[PDB]
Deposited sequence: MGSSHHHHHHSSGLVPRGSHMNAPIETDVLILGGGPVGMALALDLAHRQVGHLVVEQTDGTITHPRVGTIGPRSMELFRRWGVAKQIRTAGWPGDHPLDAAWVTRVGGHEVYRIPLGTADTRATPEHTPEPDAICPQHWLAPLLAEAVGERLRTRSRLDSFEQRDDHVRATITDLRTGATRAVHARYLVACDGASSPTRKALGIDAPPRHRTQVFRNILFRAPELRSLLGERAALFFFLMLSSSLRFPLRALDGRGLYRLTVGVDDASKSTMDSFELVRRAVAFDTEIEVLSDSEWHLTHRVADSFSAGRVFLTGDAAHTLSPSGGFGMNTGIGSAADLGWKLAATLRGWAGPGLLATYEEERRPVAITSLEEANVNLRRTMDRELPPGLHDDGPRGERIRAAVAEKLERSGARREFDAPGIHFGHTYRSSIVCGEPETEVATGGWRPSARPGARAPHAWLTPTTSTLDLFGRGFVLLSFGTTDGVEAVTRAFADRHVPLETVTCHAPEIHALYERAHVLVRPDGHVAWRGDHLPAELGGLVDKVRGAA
């Protein structure tokens, strides 16, 4: 008895679960298959970006993520040091969770949540629809659905699943991308690293006021990378480059204290810059790492994935419900790929900054002699814009879609200063508190939304144009002059994904035309 569902999600990692959460919130029947048993032994992701947090706010898991265990009094600072407990060279103070100032561009700042805490949270939200220890072996595309063979790794039995759509969130080495014959050429040189996970129970006490979330080491050529405090209560991770030495000894070399150290893992990995040439073929799609990979310098990886998952989510649901034009699905690649590429190049800039930084001779000496060399280095660090690696609002919220379903404005793209909120066509509708408890972002996520800051003339006609096409629409009349200034126009049409599709002080004459354009039937 072949099981059938609307969407088959290949991958139980961060990105596949987010996609499951989005389909769930859109009444789309779905099923997730994860080959592993779903537990985490070696945490990869630690920082949940703000944009991801906004989507989790909508899905109702943001709060549990923040109280998952990260200490509210632990420093979020990043610091360049010769060795942990050695000599400081440059620090970027970022407060603590309970201490930093409330952000103004968003309702959900970033959070610290190591993957072994995030997985249980996500599994519980996705619930019953997640199937662990299940591996997808192959898939055959038929006329109106995809047929896949799933091996139950528990009993050894194989079952078949017929779904209208097959979404592959199977990671960087996506077997699915290969079976379809799609190539994801490296845009930059591939590198190799080792990540050592360990427990150090008294390290925090010893560091006292010098405790940090990130310790960028400037010891040797292999040790010029971050040592991260994963859970703020004993767990740390040291990344080391490889162009042989014992695990424990590498950690001893990086940590200048005689304190208890317990090595747990020593995982080798490849940092790559690979984006797929195409994000789909037939009823089979690629999302997350299977579509785009980038250097972890900046922490953009999982966020760009969750972003693409949310994009595909509303477009899949629209085609399944019937109101989507035949050309809607193809905009997933049209819109997400360019974002993947630009985010990759920005991650590379951060990477090259520490790869090309030089480690002067007497950087380790004691006394004002070497202190002068450090002051020199710290100086160059400032000018190199190192802090851009730990403060990338533009990369988090500044991507603007320039596509066939977006009525873009003339204004081209040429950075002339730090990123600022914009309600321009293609961008993420900016945040503003309507009330102490409600954000403009809380109005988006379901169907199309039309914000009117002035006269509601024409709105009635907008409603009919959408109803005529069975396209879901919600009209909100807002007064707040502050929000009007931010959005700039009197009427703003926001897509189901929170991005602007059109804006103007006067609704257009051919509303049926606008409705057809924004739905992919242009």
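Numbering the deposited sequence from 1, one finds several regions with no C-alpha coordinates, namely 1-22, 266-270.
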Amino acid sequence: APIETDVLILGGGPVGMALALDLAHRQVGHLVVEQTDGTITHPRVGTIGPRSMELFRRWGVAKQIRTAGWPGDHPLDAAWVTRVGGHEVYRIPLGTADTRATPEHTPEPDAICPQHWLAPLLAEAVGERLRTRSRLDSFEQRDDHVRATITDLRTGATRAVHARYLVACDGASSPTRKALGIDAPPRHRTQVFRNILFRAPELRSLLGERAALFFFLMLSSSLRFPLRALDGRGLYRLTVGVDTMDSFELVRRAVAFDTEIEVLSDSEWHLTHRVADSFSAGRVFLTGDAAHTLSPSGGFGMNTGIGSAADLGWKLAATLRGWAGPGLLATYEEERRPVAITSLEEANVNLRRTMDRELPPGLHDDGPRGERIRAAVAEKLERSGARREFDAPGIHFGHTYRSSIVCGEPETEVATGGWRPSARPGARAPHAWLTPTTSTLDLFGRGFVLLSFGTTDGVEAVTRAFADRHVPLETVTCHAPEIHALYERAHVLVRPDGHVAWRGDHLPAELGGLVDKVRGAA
From here on, numbers count along this sequence of modelled residues.
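Checked against the other entries of this protein, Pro226 counts as resolved in every one of those spanning it, not missing from a third of them. In the record comparison, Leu351 is unmodelled in at least a third of the other entries of this protein that model the residues flanking it. Of the two segments examined, 202-210 and 404-412, it is 404-412 that shows the higher average Cα temperature factor in the deposited entry. Of the two segments examined, 78-86 and 441-449, it is 78-86 that shows the higher average Cα temperature factor in the deposited entry. Taking only the listed residues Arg237, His116, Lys178, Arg194, the entry reports the highest CA temperature factor at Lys178.
Residue-level inspection of the entry shows that, of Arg228, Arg428, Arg147, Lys315, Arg147 has the top Cα B-factor.
Per the deposited record, the Cα B-factor of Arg66 falls in the lowest third when ranked against the other modelled residues of its chain. When the modelled residues of the chain are ordered by C-alpha B-factor, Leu55 sits in the lowest third.
Ranked against the other modelled residues of its chain, the C-alpha B-factor of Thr456 as given in the entry falls in the highest third. Per the PDB record, residue ranking by Cα B-factor puts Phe139 in the highest third of the chain.
Among the modelled residues of the chain, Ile9 sits in the lowest third by CA temperature factor in this PDB entry.
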